[PDB]
Structures are given as structure tokens and as C-alpha cells.
Q: 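Okay, here's the structure, questions in a sec.
Side-chain atoms are counted along with the backbone in the values below, which use heavy atoms only and exclude waters and symmetry mates. Reminder, nothing fancy here: chain letters follow the sequence lines and each chain counts from 1.
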Number of protein chains: 2
Amino acid sequence: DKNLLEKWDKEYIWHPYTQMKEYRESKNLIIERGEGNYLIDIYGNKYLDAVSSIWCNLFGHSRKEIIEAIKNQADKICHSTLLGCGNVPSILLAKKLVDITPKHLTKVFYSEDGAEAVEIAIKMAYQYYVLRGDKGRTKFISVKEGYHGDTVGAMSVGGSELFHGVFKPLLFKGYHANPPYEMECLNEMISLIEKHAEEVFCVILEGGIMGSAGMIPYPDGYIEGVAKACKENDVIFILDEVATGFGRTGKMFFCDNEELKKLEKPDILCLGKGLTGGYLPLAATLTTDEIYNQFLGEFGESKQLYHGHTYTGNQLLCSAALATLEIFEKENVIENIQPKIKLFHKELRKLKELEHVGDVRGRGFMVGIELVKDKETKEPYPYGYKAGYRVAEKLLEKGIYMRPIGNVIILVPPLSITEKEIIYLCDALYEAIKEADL
Amino acid sequence: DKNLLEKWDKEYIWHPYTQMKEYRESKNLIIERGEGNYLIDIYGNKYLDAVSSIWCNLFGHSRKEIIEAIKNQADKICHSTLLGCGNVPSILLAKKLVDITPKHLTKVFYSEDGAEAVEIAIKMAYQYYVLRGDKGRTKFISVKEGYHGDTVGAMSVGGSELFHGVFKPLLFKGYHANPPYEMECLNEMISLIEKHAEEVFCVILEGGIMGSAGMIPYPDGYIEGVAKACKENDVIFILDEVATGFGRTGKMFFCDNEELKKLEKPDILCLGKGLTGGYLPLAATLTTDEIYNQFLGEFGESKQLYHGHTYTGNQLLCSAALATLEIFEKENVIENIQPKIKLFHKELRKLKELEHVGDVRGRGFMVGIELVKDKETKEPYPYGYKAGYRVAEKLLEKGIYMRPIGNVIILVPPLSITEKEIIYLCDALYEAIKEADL
Ligand SMILES: [Mg+2]
Ligand SMILES: [Mg+2]
Ligand SMILES: [Mg+2]
């Protein structure tokens with residue numbers, strides 16, 4: 001009963017990232033099923049998933065290989081532990097993950113969410129230095145507006161003042177450079193690394209684009225310059241590819257970068273979201289043997305990483321990821337998305353001419369369109385104006401689901417998006433921006 | 001394949017809570033499938049899952065309703081967002097969760113792991129008081145040896161010195177009473193609540209037993225007196241039932257307690273592990289409307305809880321839980337386990353006679369058996385001696401999988417354990433303790 005579902009949703013669920021007073025007043029999408037690149041609501045209406053269910057869905061909502069891998073695994077066993085035991089799917093997947101990532105990344109620690117992968121990276125980096133005999137390395141370096149998740153460790157190293165600023169008494173402190181967007185901003189970051197090296201246990205950045213800040217790319221050369229500064233100063237470099245990993249930027253991983261490979265950076269890579277093709281929560285933290293080796297010794301020396309929740313390496317999670325990686329290989333996904341990305345960027349250029357479009361930016365299939373009140377001033381709409389949501393409302397009427405962040409329209413379409421869907425998406429966005437009350 | 005699986009396991013996976021030096025030297029259980037209460041390894045050998053795959057498995061490894069619920073949901077859709085949208089399974093499950101928990105707990109915020117549920121509880125409690133206009137409530141009260149998970153927020157409020165003590169520079173600070181194990185100890189805790197009330201955003205405890213500390217029960221009346229003290233002193237009380245929820249202690253939830261119900265405590269309840277019957281990572285944080293309502297307002301007031309990772313409310317996770325709750329209701333689980341728990345406790349009594357058993361304690365199906373070098377002194381075995389693992393080795397020869405914590409043998413059997421399996425288990429433990437080098 002559709003009216004009951006709507007009522008129960010508003011009565012019983014406290015939704016993530018949502019002002020519930022407004023959600024309870026509106027007619028919200030309630031999804032019942034999915035086919036291809038489309039979410040289907042309880043009214044039977046179809047919406048193109050233009051943000052990939054928040055940046056995780058790679059191949060659509062009815063991809064048979066991943067669905068069948070889950071069902072086949074559930075007929076064997078859904079979960080048994082990695083605490084002092086092993087399980088088959090987690091072993092096969094760990095080999096695949098080591099093999100598809102840079103050669104210096106050789107060890108796999110599993111978790112469920114990108115934020116937990118980052119918490120684990122933080123704890124490994126911190127404890128590495130303690131075990132290695134370093135003293136006083138209790139701080140970190142990151143960037144303003146960076147985002148790594150919403151638990152306390154993730155929030156500490158993030159720079160998301162709006163989301164996490166209220167929690168400052170609970171966060172551990174470090175240093176934040178100005179948003180990365182050679183350039184004055186690289187120089188600023190190198191200077192911070194050089195100044196604070198001996199007091200810091202890591203530098204952490206996202207994989208070449210700041211997602212939650214509104215899909216802003218790091219300038220070319222930026223991550224490579226930071227990595228080299230980390231190497232020159234004996235600081236661990238953590239790259240968070242929770243959103244960028246698995247093809248979204250046009251490469252398999254941002255860190256598939258000859259210069260980073262040459263530097264053997266990052267020392268720690270976090271993965272999540274698209275790892276399972278979007279169907280289940282798995283994440284991974286991959287490290288160098290150098291980091292792993294510090295935690296080796298006799299049991300009674302108490303040097304092991306005392307971390308790991310219940311469902312670490314769960315077989316259903318790992319079965320979805322195995323199927324995902326198998327798709328990558330068998331369908332030559334990275335080569336096959338190249339004409340689609342090229343078409344997407346070509347189809348976005350006309351948005352630049354609209355009166356309320358300040359900036360069109362991003363990398364591959366991760367794009368933001370920044371709305372502005374005045375093109376020449378660059379002046380923003382007030383937060384309370386919900387300019388991006390005004391655009392989202394118009395897109396919904398044209399059969400497209402888009403979630404913005406503040407003034408930034410976000411497009412993170414599935415790798416499976418068709419050329420026709422791309423052309424439709426950008427033509428609909430053009431009209432939507434014109435129809436919105438801006 | 002078997003030798004390669006073993007090699008890849010040791011080569012590529014950094015296992016949770018495991019000294020990898022030692023794991024790489026040993027022959028470790030690699031699980032391939034499950035049937036009923038038994039894990040089946042890649043050699044085809046069967047092991048009774050006497051710890052329920054680390055305290056999550058409720059009904060065995062081949063429970064058709066849960067497996068079928070997962071498969072049926074995967075044919076509709078595996079995942080769409082709860083960020084500003086809804087999905088059907090999460091709605092049906094949220095109503096069921098509200099309905100089966102105490103009546104003052106009316107709202108459901110989903111996550112993947114119990115540690116995240118506790119981080120969310122922390123953040124809700126903290127931000128509640130900021131929004132309500134209170135100043136300086138930045139500390140918490142908990143207990144020494146308590147355990148809430150391994151992310152930074154969970155570690156801060158936990159009291160697990162061995163696991164998390166090295167991370168102290170990254171943890172936010174508070175007050176820890178002495179382990180609840182007795183009126184003297186309740187009075188100590190109440191006094192701390194009275195003393196620090198206006199500077200504290202929560203008191204957090206486990207649901208009636210301290211798991212990771214070695215299955216030590218809180219005395220009867222302890223939780224009730226703390227809850228009453230929280231009510232009388234205007235402090236939020238968070239109860240972590242991640243391990244105790246869904247029948248393990250003999251009741252559906254520890255907080256199904258007439259006194260706690262009358263006090264309308266706890267204010268926030270954390271659930272996880274057995275929620276999905278042990279098959280997938282789902283967790284939930286349930287709260288009162290009082291807490292939820294502080295976060296209501298207009299969008300531009302920015303009062304919403306800016307928390308929620310990608311896979312919040314995932315349909316596969318929620319489908320497993322729906323099936324789980326349905327089993328509870330349709331098979332009258334809580335009434336049916338009562339003679340089995342009584343049998344279990346009766347069959348453990350003989351262990352008390354053995355030379356190296358210091359203590360047999362627990363609640364329902366959560367039991368610890370504390371090993372000691374001298375029964376007269378109660379002196380422990382050194383950490384490095386791994387006395388519990390010595391016992392685990394002998395149990396493994398008898399077709400039983402048990403994971404200890406230091407000197408404590410842990411038994412957390414599935415709710416589906418048969419009377420025959422219970423008698424087998426306790427007789428084998430009796431012999432295993434005798435055979436071990438203690
Ligand atoms: Mg590699
Ligand atoms: Mg055209
Ligand atoms: Mg309730």
C-alpha cells in the first residue's frame with residue numbers, strides 16, 4: 001500500500017544526510033526495483049541513476065554476473081570469520097586486488113565502508129611509527145574541504161567544516177592546506193609537509209578529485225608533487241580512492257600513474273563504493289609490505305593490529321566484488337568507456353553558456369556543475385536557497401535522479417551509461433537549469 | 001587448489017585481530033561452506049560453530065528463509081540510496097525494529113557495523129545537546145574494559161586498554177568507572193554521573209554483559225540504577241546491544257526489562273551482528289523522538305545530522321534482517337531457547353571442578369570460562385602463553401571451533417544449537433581443558 005509505505009518511511013526512518021522536517025513534507029522517491037541504468041519507484045516510474053546511487057553503481061541495477069555470484073555464494077555460506085580463520089572468496093579476491101593495483105601494494109585488510117577503510121589506514125599509519133620507534137608523530141596533514149567519511153577518525157582527517165565542524169571537540173587535530181585547486185597550492189602543501197614532517201603520521205588526499213567538495217579535480221601534478229614530498233620527508237601517504245576507484249575517472253585507479261608508481265606511492269590505498277559494482281558494502285585498505293612488516297612478532301609482544309569488525313571479509317560481499325572484477329577483465333571496461341567519457345565532456349560544454357552556470361569541472365564520469373547567482377561576480381546562492389535541488393526537481397520530471405551538493409549539480413553516471421543516455425542527460429540538464437528558479 | 005589457497009591467504013590478507021607472524025606459521029581453518037550449526041572447511045571437515053562466527057550467527061549457516069530473502073531481493077534491486085530517497089525493505093524493517101523494541105524507541109538510523117552504530121549514537125548525543133543549547137557537554141562516562149568497536153569514536157568511549165591503549169593521542173577523553181563487576185561499584189558510577197553530569201553528553205554501557213572483557217555479566221540492578229541516574233541527572237544513556245541483541249542473553253534485548261521500560265531508558269540503543277541472523281553486515285541506532293526532534297528545522301538552519309555512508313539501508317542487508325525477525329516471530333524463538341539455555345548452564349557446572357578453571361560466568365548463551373594457573377590464588381597465565389588458544393586447539397580436534405580472548409574460553413553458540421550439540425560441546429570442553437598444557 002503506497003500511502004502506508006510513504007507514511008512508515010517518514011515515521012520510522014531517520015534518513016542519512018537529510019533534514020527530516022523537509023523530507024516529511026515532500027513526495028520522495030521510494031525505490032522498489034531497478035533495471036539497467038534505471039531506478040524504478042513504487043509507482044512504476046523509471047529514473048536514470050545519474051549519480052549512481054551516490055557514486056557506487058558501476059554497471060546498472062540488473063547486472064546478472066554480480067547477482068548470480070551473490071546467490072551462488074549464499075547457497076554455500078554467507079559468512080564465516082577472518083579473525084584467525086580464512087574463507088575462500090576473501091582469499092581469491094585479495095589476490096585479484098593485489099594483482100590489479102600498483103606493484104608496491106601487496107597486502108589487503110578488508111572492511112565494509114570507505115570511512116572504516118580510512119580509519120584503518122589512519123590506525124595503521126599511526127601505529128606503524130610507534131612500532132618503528134618514532135616519537136611524537138600524532139598529527140596529520142590533509143586539505144580543507146576534503147572528505148573521507150563521517151566516523152570520528154574520518155571526520156578528523158577530513159576538512160568538511162559544514163558537515164563535521166560541530167564535532168571539533170571530539171576530533172584529533174592536525175594541519176589542513178588550502179583546497180588544492182607548480183601552482184601556489186602545491187607549494188603550500190609541500191611547505192606544510194617540510195615544516196611538520198617529524199610530527200605527522202600521514203598526509204591523506206582523495207584520488208585526484210574532491211567529491212563531496214563538489215567534484216573539484218586536483219590540478220595535474222598535484223598528487224605527484226605531494227607524494228614526492230612525502231617520500232622526501234619520510235611521511236606515509238594515504239590515497240582515498242573510495243569514490244575514484246574502479247574506473248570512474250577514466251582509469252582503473254587514480255594511482256595507476258607512472259609517476260606515483262615510480263615513487264611507490266601511495267603507501268596506503270583505500271577502496272570502497274564501486275568495489276562490489278554498487279551492490280553491497282565492501283571496502284579495502286591496501287598497504288606496502290613495509291607497513292605490514294612492522295606489525296609482525298610473537299603473540300605476547302602485542303604488536304598485531306587489534307582491529308577488525310565482525311563481518312570482515314564476509315563471503316557475500318566478496319562474491320559481489322569478484323564478479324565485478326571479472327566484468328572489468330572480460331568486457332574490457334576501461335577501454336570501452338573511453339568514447340563515452342569523450343562524448344560526455346563534449347555534451348557538457350554547452351552548459352558553460354547558461355546564465356547561472358559558474359563552472360563545469362571534473363574527471364571522467366565524475367562531474368560537477370556549479371550554479372551561481374552572478375556569472376561575473378561568481379557570487380553563490382545562499383545555502384538555504386537549495387539551488388541544486390531546484391535543478392534536481394526539474395530533472396526528476398524528465399526521468400532523471402540527480403542528488404546535488406549545495407550549489408553544485410553532481411553527475412556520477414554508471415560506467416554502463418549509454419551514449420544515447422549521455423546525450424539525453426546533458427540536454428535535459430540544459431533545459432532543467434533554464435527552467436529552475438535561479 | 002588447497003595449497004595455493006593457504007599460500008594466498010597468508011601472502012595477501014592482513015587478517016583482523018591476528019598476529020600474522022603466527023598465522024603464517026600455522027595450519028588455519030579455511031571455510032568453504034556451512035550446514036546447520038557447522039562450518040565446513042576446504043578439506044570437507046565439519047566444526048561446530050561454538051562462537052557463532054564471532055557472535056553474529058543465530059540460526060546456523062544454511063537457514064533457508066534468510067538465504068531465500070537475500071536471493072529474492074537481489075532479483076529486484078541490491079542497492080539504492082536512503083540519502084533523500086527511500087527503499088521498500090528498509091521501510092518494512094524500520095517498522096518491525098520500532099515495533100519489537102521498547103516503546104520509547106521510535107526512530108531507526110541504519111549503518112553497516114556495530115562500531116558505526118555506536119559512532120552515530122555518540123554523534124547524536126553530542127549534537128543533541130549542542131542543538132538544545134547546552135554548553136560544554138564534551139565528555140562521556142563509560143567503564144574500564146568495556147568495548148564498543150575499533151574506530152576512533154568507538155575506541156574513545158570503550159575501555160579496552162590492550163586493544164586501543166596505543167591510540168590514546170587520537171582519542172577524545174572522558175571518565176571510566178571501574179568494571180561493573182557490587183553495590184559499591186554501582187554507587188561509584190552513580191557518583192561519577194552526579195559529579196560530571198553537566199559536562200557529559202552520554203553514559204554508554206554494553207547490554208548486560210561485557211563481551212570482549214571475557215563475557216562478564218553486569219550484576220543484576222546495575223544497568224537499571226545507571227539508567228535511573230541518567231534520567232535524574234539529565235544525561236543521555238546509550239546501550240550497546242550489538243552483541244546481546246536478538247536473543248543471545250535469553251531475552252530478545254537486554255533492554256526488554258520492565259524497569260528500564262518504565263524509565264524510558266536507554267535513550268539510544270545500538271544493534272548489529274545477529275540483526276541479519278549472521279549473514280550480512282547491518283547495524284542500527286534506535287532513538288527516542290526527543291533526540292530526533294532536536295535535529296528538525298528548515299534546511300538552511302543546518303541542524304540535520306550530516307552522517308550516512310553510501311550503503312545506509314542497503315536492500316540486501318535489510319532483506320536478511322526481515323527474514324531474521326520473521327523467524328523470531330513464526331518459530332517462537334525466545335520461548336523455545338529457554339530449556340536449551342537451562343541445559344547449557346547445567347552442563348557447564350562440571351567445569352567448575354577442574355584444576356585450571358577459575359570462573360564460569362555469563363548470561364544465557366554468552367559464557368566465559370576463565371583459565372587460571374592457580375585456583376587458590378586466581379593467578380593468570382601470562383598473555384604470551386595463549387592458554388585459551390591451547391584449549392581451542394584441543395577443541396578443534398574434537399570438531400569444535402572456539403575463539404578465546406586471552407585466558408577466557410568464549411562460548412557464544414547459535415540459538416539453533418541442539419540439546420545434543422550442547423551436551424557434546426560441554427563434555428568436549430571438559431576433556432579439552434584436561435588435555436591442554438595448563
Ligand atoms: Mg598491487
Ligand atoms: Mg544535441
Ligand atoms: Mg520501539
Side-chain angles (χ1 to χ4, degrees), chain A residues 5 8-9 12-19 21 29-34 53-54 56 61 67 70-71 74 76-78 80-83 85-88 91 94-95 98 107 109 112 119 138 150-153 163 169-170 172 279 281 296 299-300 304 306-312 383-384, chain B residues 8-9 12-17 19 21 29-34 39 53-54 56 61 67 70-71 74 76-78 80-88 91 94-95 98 107 109 112-113 119 138 150-153 163 169-170 172 279 281 296 299-300 304 306-312 383-384:
Chain A
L5 283 179
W8 289 348
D9 189 33
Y12 296 118
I13 299 181
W14 191 336
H15 278 248
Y17 271 95
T18 295
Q19 171 43 252
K21 174 261 189 22
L29 277 184
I30 302 302
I31 299 310
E32 167 201 65
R33 75 192 162 256
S53 302
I54 325 293
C56 67
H61 295 279
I67 288 157
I70 293 169
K71 296 160 119 185
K76 290 168 154 219
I77 182 174
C78 288
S80 66
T81 199
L82 264 62
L83 277 81
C85 307
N87 71 44
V88 179
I91 294 158
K95 183 178 166 51
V98 166
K107 292 293 183 284
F109 196 101
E112 285 71 53
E119 298 257 353
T138 60
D150 306 321
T151 51
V152 170
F163 299 153
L170 306 183
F172 58 81
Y279 293 185
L296 293 177
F299 187 83
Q304 62 268 53
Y306 289 109
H307 190 104
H309 292 141
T310 301
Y311 280 105
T312 299
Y383 180 68
Chain B
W8 288 349
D9 188 35
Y12 296 116
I13 299 184
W14 192 336
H15 280 251
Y17 272 92
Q19 169 45 254
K21 168 147 186 318
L29 208 56
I30 303 303
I31 299 310
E32 206 257 355
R33 75 193 159 259
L39 293 162
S53 307
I54 326 294
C56 66
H61 294 281
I67 288 158
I70 293 170
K71 294 162 131 197
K76 283 171 124 173
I77 183 176
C78 292
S80 66
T81 197
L82 263 65
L83 278 76
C85 303
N87 69 46
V88 178
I91 293 159
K95 174 165 170 38
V98 166
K107 291 293 184 275
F109 193 105
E112 284 71 53
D113 295 327
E119 293 259 358
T138 61
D150 302 325
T151 50
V152 168
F163 299 156
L170 307 181
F172 57 80
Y279 291 4
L296 294 176
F299 184 85
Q304 66 265 54
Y306 286 111
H307 192 101
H309 215 354
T310 307
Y311 281 104
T312 296
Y383 188 60

Q: Look at the rings of A:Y279 and A:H61 and say which category their plane angle falls in: under 30° parallel, 30 to 60° tilted, over 60° perpendicular.
A: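 Taking A:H61 first and then A:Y279, their aromatic rings lie parallel (interplane angle under 30°).
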
Q: If you tally heavy-atom pairs under 4.5 Å against chain B, which of A:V98, A:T310, A:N87, A:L170 wins?
A: A:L170

Q: Most heavy-atom pairs under 4.5 angstrom with chain A, which of B:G300, B:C85, B:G384, B:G153?
A: B:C85

Q: Let me know if A:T312 has heavy atoms under 4.5 Å from chain B in its side chain, its backbone, both or neither.
A: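 For A:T312, the side chain is the part near chain B, not the backbone.
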
Q: In terms of heavy-atom proximity below 4.5 Å to chain B, should A:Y306 be classed as side chain, backbone, both, or neither?
A: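 For A:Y306, heavy atoms of backbone and side chain both lie under 4.5 Å from chain B.
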
Q: Working to the nearest 0.5 angstrom, can you tell me the gap between B:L82 CG and B:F109 CZ?
A: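 So the gap between those two atoms works out to 9.0 Å.
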
Q: Tell me yes or no: between the side chains of A:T151 and A:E119, is some donor less than 3.5 Å from an acceptor?
A: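 Their side chains do contain a donor-acceptor pair, which is all the 3.5 Å distance test asks for.
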
Q: Could you tell me if the side chain of B:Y311 sits less than 4.5 Å from the side chain of A:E112, heavy atoms only?
A: no

Q: Among A:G86, A:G308, A:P169, which residue has the highest count of heavy-atom pairs closer than 4.5 Å to chain B?
A: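 Ranked by heavy-atom pairs under 4.5 Å with chain B, first place is A:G86.
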
Q: If you count heavy-atom pairs within less than 4.5 Å of chain B, which of A:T18, A:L5, A:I31 leads?
A: A:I31

Q: Using a cut-off of under 4.5 Å for heavy-atom pairs, which of A:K95, A:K76, A:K107, A:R33 has the most such pairs with chain B?
A: A:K95

Q: Less than 4.5 Å apart, any side-chain heavy atom of B:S53 and any of B:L39?
A: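 Side-chain contact under 4.5 Å: yes.
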
Q: Against chain A, work out which of B:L296, B:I13, B:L83, B:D9 has the most heavy-atom pairs shorter than 4.5 Å and name it.
A: B:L83

Q: With heavy-atom distances below 4.5 Å as the criterion, would you say the side chains of A:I67 and B:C78 are in contact?
A: yes

Q: Pick whichever of A:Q304, A:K21, A:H309 has the most heavy-atom pairs under 4.5 Å with chain B.
A: A:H309

Q: In Å and rounded to the nearest 0.5 Å, what is the OH to CG distance from B:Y17 to B:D150?
A: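 One finds 3.5 Å between OH of B:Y17 and CG of B:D150.
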
Q: Heavy-atom pairs under 4.5 Å with chain B: which of A:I77, A:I70, A:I54 has the most?
A: A:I77

